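> Just the starting chains for now, same placement as in the complex:
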Amino acid sequence: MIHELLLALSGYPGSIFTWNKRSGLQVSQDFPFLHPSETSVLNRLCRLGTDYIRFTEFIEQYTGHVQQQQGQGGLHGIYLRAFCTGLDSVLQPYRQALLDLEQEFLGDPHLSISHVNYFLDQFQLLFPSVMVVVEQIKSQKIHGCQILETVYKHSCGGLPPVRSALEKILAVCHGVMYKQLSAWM
């Protein structure tokens, strides 16, 4: 149970947390070791890991897969790769959280599920909000400068952590526009 969940959440699918695309991660739900008491905690934790697999999968698919070549901003193109590049850097504290978790399990192997749910409560709201913001960009084949507006309007929200988080990626995409503008003017 201990290293297995950290294995699953990192972006490599677990054998207990079976990777599907329509149910994400799902606990196996057939052991006589699990119960409605602990299941709900496992599902709540599994939300963040499913989103993390999708994040790393999208970032990997669109960063360093061509010589930047024709290319459209819904598939290829400098803006979308810049989005992936910023998306990896905002996800750095989640990696730090998993690394910290294994060290605590090394210090004492008797920690409960309440500890990991308790530490990971702060990510618990942050991942679902940004998930749909990237989902609308992916589905509609938003091309060109409209990508900046699409993430920009949902960084005009009423949630502070989502505001800081989306604002970082938007700074990254401004950077590539500014690097091209710094010659042409």
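Nice, thanks for sending it over. Residues are numbered from 1 along each chain as shown, chains lettered A, B, ... in the order given.
> What's the local residue count around residue A:41?
Using other CB atoms under 10 Å, residue A:41 has 14 neighbouring residues. Just so you know, the C-beta spots here come from the backbone N, C-alpha and C atoms, and that holds for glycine as well.
> That one and residue A:115 touch, don't they?
No: when contacts are counted by CB atoms under 8 Å, residue A:41 is not listed as touching residue A:115 (10.7 Å).
> Do a quick rundown of the strands in chain A.
A:17-19, A:25-27 (DSSP state E).
> Tell me which of those strands sits most buried.
Looking across the strands of chain A with neighbours counted as mean count of other CB atoms under 10 Å, the highest average goes to strand A:25-27: a mean of 20.
> between the strands of chain A, which one is nearest to residue A:179?
Each of the strands of chain A has some distance to residue A:179 by CB to CB; the shortest is strand A:17-19, at 37.1 Å.
> Would you mark the buried spots in the top helix by length along chain A?
Criterion DSSP state H: the longest helix present in chain A is helix A:36-62. Within helix A:36-62, the residues scored as buried using 16 or more other CB atoms under 10 Å are A:42, A:45-56, A:58-59, A:62.
> got it, and stretch A:166-182?
A:166, A:169-170, A:172-173.
> Could I get the residues you listed in a markdown table, plus columns for distance to residue A:95?
Formatted as a markdown table, the buried residues of stretch A:166-182 follow (distance: CB to CB, whole Å):
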| residue | distance to residue A:95 |
| --- | --- |
| A:166 | 19 |
| A:169 | 17 |
| A:170 | 22 |
| A:172 | 18 |
| A:173 | 22 |
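> to the structure above, add chain B:
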Amino acid sequence: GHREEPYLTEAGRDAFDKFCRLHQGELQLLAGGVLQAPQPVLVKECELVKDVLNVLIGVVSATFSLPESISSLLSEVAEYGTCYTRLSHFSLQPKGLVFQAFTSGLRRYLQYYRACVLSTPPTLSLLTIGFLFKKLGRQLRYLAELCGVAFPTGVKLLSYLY
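So that you can see how it sits with the rest, here is chain B on the chains above:
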């Protein structure tokens, strides 16, 4: 007292091994017995990390020549170094003269990537190497998609690279 008898959620270095052994045997039955992965862990943690540290040098190790879900974890952290191998294999030359110059210019980055290993990890956890060498292995990997491992030479390379 006797105790309130710690749950499977609490105890996690002996019951963890028990559960690992049990789900491994269950999967082996559900296939038939043609899967066969013993040992919930083994060799150790540090040994496998040093093995992978030697994979990033681009040469032989103890598990490659260059739960049971360790292989899924191991593939992306070995494939970082199998990408280092394909740039040193693109390099011997100090005909075409500018191709020798370009090939020697690659080595000034390869030595950085070879220096980052065995200075930043003096053996850390394996997940740490997986996270650290994504922001480092990607920059090397773009150049392996670029290089042939034929390759242009002369004016063709001087104009393709521009």
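> Revisit the neighbour count of residue A:41 given that chain B is now included?
Using other CB atoms under 10 Å in any protein chain shown, residue A:41 is surrounded by 15 other residues.
> Likewise for residue B:9?
Per other CB under 10 Å, the neighbour tally for residue B:9 reads 20.
> and what of residue A:132?
Neighbours of residue A:132 using other CB under 10 Å come to 10.
> show me the contacts for it.
residue A:154 (CB atoms under 8 Å, 6 or more residues apart in numbering or on different chains).
> Could you measure from it over to residue A:157?
According to CB to CB, to the nearest Å, residue A:132 stands 11 Å off from residue A:157.
> Residue B:114 now?
As judged by CB to CB, residue B:114 and residue A:157 stand 45 Å apart.
> what residues does chain A put near chain B?
A:1-4, A:6-7, A:10, A:12-16, A:31, A:33, A:38, A:63-67, A:88, A:95, A:98-99, A:102, A:105, A:109-113 (CB under 8 Å from any CB of the partner chain).
> quick check, residue B:35 in a strand?
No: secondary structure of residue B:35 (DSSP: H, G, I helix; E, B strand; the rest coil): coil, not part of a strand.
> which ones are touching the residue nearest the centre of chain B?
Against the mean C-alpha coordinate of chain B, by CA atoms, centre = their mean, the closest residue is residue B:78 at 2.0 Å. Contacts for residue B:78 (CB under 8 Å, 6+ apart) come out as B:52, B:55, B:64.
> Which residue is the nearest non-sequential neighbour of residue 161?
In the absence of a named chain, chain A is used. Nearest non-adjacent residue to residue A:161, counting by CB to CB, 6 or more residues apart in numbering or on different chains: residue A:126, 5.1 Å away.
> think we crossed wires, I meant chain B
residue B:102 (7.1 Å).
> Include this sequence as chain C:
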Amino acid sequence: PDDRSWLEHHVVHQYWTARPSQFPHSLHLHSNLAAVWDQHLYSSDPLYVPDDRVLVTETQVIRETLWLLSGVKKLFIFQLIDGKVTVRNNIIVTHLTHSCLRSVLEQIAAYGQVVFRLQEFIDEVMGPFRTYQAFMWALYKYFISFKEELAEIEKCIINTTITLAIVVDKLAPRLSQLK
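Once chain C is put in with the chains from before, the structure reads:
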């Protein structure tokens, strides 16, 4: 043997599994009030006909309650039967004869529905008003520290004796803030 011995020794399994159990103890009125009262009642010829029960002890119920109050829903005990969380009837502890017990767990379940609804309100934001968004943020800010208190008491079931009168008076300044 191999895994079953580790189960039988180190882990409980007697309320979660629909597997009945009996526990041997010294008994002697201070902790055998339930069986003594049962024998009194049976000698009066009710006419027996008891309820189905699976025999859970006291300290398991503590961890289930702390889980309910932290904000995680749908557990084995305090499962909804009308939409409101209500305690299971397979419970007899070897003293209190489950008449004090059903009343105290009933009040605690009445507490659990109120935080169940609020965590449901936060749940329906995971799947433009801007004031609801700023409302669940403060609700969340209560919930993280509150859940920490609950989980700390859960640790002290792992490492001294804990009972009902300890958790009620410890959660007094939170049941004030819940109203």
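> Once more for the neighbour count of residue A:132, now including chain C?
Residue A:132 has 11 neighbours, counted by other CB under 10 Å.
> And for residue A:64?
Using other CB under 10 Å, residue A:64 has 21 neighbouring residues.
> wouldn't it be in contact with residue B:142 here?
Yes: in this structure, residue A:64 is within contact of residue B:142 by CB under 8 Å, at 4.6 Å.
> what residues does chain B put near chain C?
Of all the residues in chain B, those lying near chain C are B:1, B:4-8, B:10-11, B:14-15, B:18, B:21-22, going by CB under 8 Å from any CB.
> no no, chain A
Residues of chain A lying near chain C (CB under 8 Å from any CB): A:32, A:35-37, A:39-41, A:44, A:47, A:110, A:112, A:114-115, A:117-118, A:121-122, A:125, A:128, A:157-160.
> need the contact list for residue B:61.
By CB under 8 Å, 6+ apart, the residues touching residue B:61 are B:51-52, B:54-55.
> Which of those sits closest to residue C:139?
residue B:52 (44.8 Å).
> For the closest residue to the closest one other than its chain neighbours, identify the helix or strand it belongs to.
Nearest residue to residue B:52, sequence neighbours excluded (CB to CB, 6+ apart): residue B:77, at 5.4 Å. Assessed by DSSP states H and E, residue B:77 sits inside helix B:70-78.
> helices or strands next to the longest helix of chain A in the packing?
helix A:2-9, strand A:17-19, strand A:25-27, helix A:78-90, helix A:113-119, helix A:121-124, helix A:126-139 (3 or more CB pairs under 8 Å, 6 or more residues apart in numbering or on different chains; DSSP states H and E).
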